[PDB]
Amino acid sequence: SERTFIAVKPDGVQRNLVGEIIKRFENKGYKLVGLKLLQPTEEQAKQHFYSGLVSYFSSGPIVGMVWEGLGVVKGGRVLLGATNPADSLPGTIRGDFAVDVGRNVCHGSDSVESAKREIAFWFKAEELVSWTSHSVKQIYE
Amino acid sequence: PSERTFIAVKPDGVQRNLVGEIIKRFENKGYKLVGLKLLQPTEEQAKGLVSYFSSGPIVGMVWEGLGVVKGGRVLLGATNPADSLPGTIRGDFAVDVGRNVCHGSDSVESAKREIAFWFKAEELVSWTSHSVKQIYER
Amino acid sequence: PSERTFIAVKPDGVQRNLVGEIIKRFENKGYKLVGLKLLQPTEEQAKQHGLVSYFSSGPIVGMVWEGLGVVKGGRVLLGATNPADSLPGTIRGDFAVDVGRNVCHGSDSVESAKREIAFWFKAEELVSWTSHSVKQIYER
Amino acid sequence: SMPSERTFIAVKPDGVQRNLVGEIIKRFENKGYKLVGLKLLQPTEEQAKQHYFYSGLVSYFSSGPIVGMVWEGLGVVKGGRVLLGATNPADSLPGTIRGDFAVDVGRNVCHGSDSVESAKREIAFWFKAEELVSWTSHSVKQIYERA
Amino acid sequence: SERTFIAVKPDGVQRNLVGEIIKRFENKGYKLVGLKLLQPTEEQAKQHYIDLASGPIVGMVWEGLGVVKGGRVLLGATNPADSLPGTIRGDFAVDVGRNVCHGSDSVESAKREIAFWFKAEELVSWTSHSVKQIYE
Amino acid sequence: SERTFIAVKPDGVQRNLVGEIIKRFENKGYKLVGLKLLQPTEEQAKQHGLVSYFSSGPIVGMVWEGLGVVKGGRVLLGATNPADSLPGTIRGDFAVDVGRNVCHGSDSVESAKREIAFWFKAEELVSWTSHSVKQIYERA
C-alpha cells in the first residue's frame, strides 16, 4: 500500500506542532509506519539563498514520518495545505499555523516517486514497521 | 429557519467513535437538534452495501435551521473523501468513499422523505433554542 | 464489562450545546454507546425522576453506555454532582456553575442504572454490538 | 507589505453572547499573529451609526459588548479575513470562524478590516494610540525567515 | 454578581495562551465584563513597588457565582508542580516563576485588583442570553 | 536537564493516541529529545501474556526533558490503573483497563536513565534548545 514522507520542519518542532500534526494524520485514518526525531546534519541539508536554507534546516531537530494509506501522498499534502501559507486554507496545518513560505512548518512528498526517494533517504529499511490497524475494515471497503 | 435535514453517522462512523465529534460540529454551527436515535438497520431496511449497513448501529439525527440541508452537507464535506477538504468531517476523518462515515440528505424533498423513513412524528421534538435571537436576525 | 449505566444531558446541557461534547468524552474513554435518544420529559416523568417544571420544559438526551466499571467511571467523567466541587477536566468542572443547572446526570449505582435504563428505554431501543476495538480496550 | 502590518478584528455582540471570544483569539494566536490591542466595549448608538436596516443594524450593534482587537503580522489584513471566512456564512467554509460557528449574515459573529487603509481607519476609530502595545514575540525567528 | 480579576502574565501572552484561557472561563459559564491588553503605567509601577513592602499582560474581569474561588480552580494551583491536568497551569506550566496567569485570591483582593487595573467606565454590565440556563 | 522515558504502548498506537499524547507533553512545556516508532522483540518484552501483547505491534518510544519531568510526565499520564485516573489525564480520558492502559512513563530518575538507555542509542537523542526556554523557566 502507498506510502509518503511527512516531516515537521525545525520551526514546526520549535513551535510545538508535532503532536498536532501526528493527530491529524491519525484522525484521517492513515497509518504510521515510521517515526523519528533527528537533527539534520549540514551535509544532509546540503543534499535536501543557499547557505541560509541549509543553516536553518540543520539548526535543530525535525520529526520525520512515514504514513501509509490509499492516496496518502496526495491526501497528506491536502492535510498540510498549500505549500505557500498565503494560499493555505483554514483547517489545514499551514492554513491554521503558518504565515511565511520560508517557515511553513512541515513537508510532504510531492509524488509517489519522490516519496520513495525521501523515505529511503531519511529511513533505513529496518526502521519502518509493517503492521495492520485493527480499524482497517472500518476505514477501507 | 424551520427547514430540517437528516444526518446519519453510518456504522464505520459509530465504530470509529465519531458520533460526539459530528454532533458537536452541528451544535457549534448553530443548528438545532430535533431528533436523535441509535439503531441497527435490519437487512431488510438496508435492502455488499446491504451487509455493511446492517452490520452495526448507525446514529440517526434530525437538525433544524436556515439552509440546514445544504449547510449540513457542507459540514460533512464532499461525499467522496478524496474531494473533501480539511475542516469538514470527511476531510478530517475519512479516506474511502465506501467508508465515508456519514450521510446528509441531498435536498429538501429527500430530507422530508428520510426524516419520515427513520423517525416517527412523535420522536421529533419541537423546541426553541434560547440562542435563536443570537443566531438569527429576524 | 457488560455493565451499563444511564447518562442524561439535562435541558440546560442541551440548550447550551453540550450534547456532542459529552458523547465525545464517553467515546474517547472507551465506553460503548448502546442506547441514545432525544426526548422531552412529561411532567409525570419529571415527578418520578420547580425541578419538575425545568425538567419537563425542553428536551434531554438519554444515553446508555456499556463498559467495565461504567457506572462509577461515567460519574467520574461527569464530575462531582455539585459543580462547586467539580474539578476541571470533568464535564461539570469545565461547563457548570450551579447545582440546579448541572448540565447532566449519571446513575449513582448499578441497581439504579438498571432501573433508570428500564424507565427511559424500551428493550428494543437498546442495541447490542461489538466494538472492533474491544481487544485494544480490554485484555480479557 | 510589512510584518508590522496591522488589522482590526471585532467579535460582534452575537459572538460575545455565544462565547466565541477565546476561540477567535486562539485561532489568531495559533496562526502566528501578534495581539497588540484588545478591549471589551459597548458601542454607543453614535458609534454604531458610523460603523454601518439602519434602525436595526444600529440597535443590535449598540445593544451589548463587542471585543475589539488589533493584530500584527505579515499580510495580517488579508490573512485575518481568511481566518474569519466569507462575510456571508452561507459561503463560509468549515475551518473558518464563520464556517464553523455562524449561519446568518445578519449574525455573522465577527468582523475584520477589508484593506490596509480601512484597517488604519478602524484601528484609529476604536483605539487611542496609547492603548496599543508594541512588543516582540519571542517566536518571531520561528515564524519569519531571516535572509 | 461576584467579580474577580484574572491576568495572563507575559509568559502566557508570549506562549499564545490568551485565547485558551478566555475559552475556559467562557465555557465554564462565567461572564466577561472587562478585558484589555495592557502595560502598567509609571504611576502603577511606583504604587506596586511601594506595596510589595507589605509586559504585555491581558487583564480580565469575570462575573459569576463563586467566580473568585472558581476562577482559581480553573487556573490550578499557583505552583505548577502541584497543578492537576485539566487546569491551565496543570496543562501548560512547569515553573512557579513562569506560571502563566493570575487570579485574585479573595473577594476583597479581587475588588482591589479590579479597581487598580480598570476604571469603572471600562467595565461593561450586560446580561448573558444564557443566564437562565446557567443559574436556577 | 532531567529526562524521562514515555511510551505509547501498542493499544495506544492502535487506538490513534500518539499525537494526542505528544501534544500534551509539548503543551506542558517539556522538550522532545528522542522519538521513535518500533516493534519490541519478544526478548525486549520479557525484560520490560503481557510479553505477547507487548511484542505484537509497534510502540512509540519518547524521551522528554524538563524540570521534574519524571514525576510531571506521570502526572500527565494519570494513575497507572485507569479506574483511579482522573479526567484531564491521558488514562483518565482514554483508558479503562489496567491491562490496556495505553502508555508508560518512567517511575523514577534512576529507572528513567535505565529505560532511556535501553530503548535509545546515544546517537538517537537530540540535544537542542527551545526558543521558549526563557518563557518556561525563570532561571534559564
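Each chain carries a letter (A, B, C, D, E and F) given by its place in the written order, and its residues are counted from 1.
Going forward, contacts are C-beta pairs under 8 Å (C-beta built on N, C-alpha and C of every residue); 3 or more make two chains touch, one makes a residue touch a chain.
Undergrad: Is the number of contacting C-beta pairs greater for D-F or for B-C?
TA: Pair with more contacting C-beta pairs, D-F versus B-C: B-C.
Undergrad: Once you find the CA centre of subunit B and the CA centre of subunit E, what distance in Å lies between them?
TA: Going by mean C-alpha positions, subunit B sits 39 Å from subunit E.
Undergrad: Using the average of all C-alpha atoms in each chain as its centre, how far is it in Å between subunit B and subunit D?
TA: Taking the average C-alpha coordinate of subunit B and of subunit D, the gap between them is 32 Å.
Undergrad: Touching two or more other chains, which residues of subunit E qualify?
TA: 14, 24, 27, 84-87, 90, 129-130, 133, in rising order.
Undergrad: Testing understanding: with touching defined as stated, what is the shape of the graph linking the protein chains, line, ring, star, complete or other?
TA: Basically it's none of the tidy shapes, so other.
Undergrad: Taking all chains into account, which pairs touch?
TA: The list of touching pairs comes to A-B, A-C, A-D, A-F, B-C, B-D, B-E, C-E, C-F, D-E, D-F, E-F.
Undergrad: Within the complex, which stretch of subunit E touches subunit C?
TA: For subunit E paired with subunit C, touching residues are 24, 27-30, 64-66, 70, 73-74, 76, 84-87, 90, 130, 133-136.
Undergrad: Mind listing the subunit A positions that touch subunit F in their complex?
TA: Residue list for subunit A touching subunit F: 13-14, 16, 18-27, 32-39, 60-61, 63, 129, 131, 133-135.
Undergrad: Taking the touch rule as given, give the residues of subunit B at its contact with subunit A in the complex, in rising order.
TA: 12, 15-16, 52, 82, 85-88, 91-96, 98-99
Undergrad: Once bound in the complex, which stretches of subunit C touch subunit A?
TA: Residues 132-133, 135-136.
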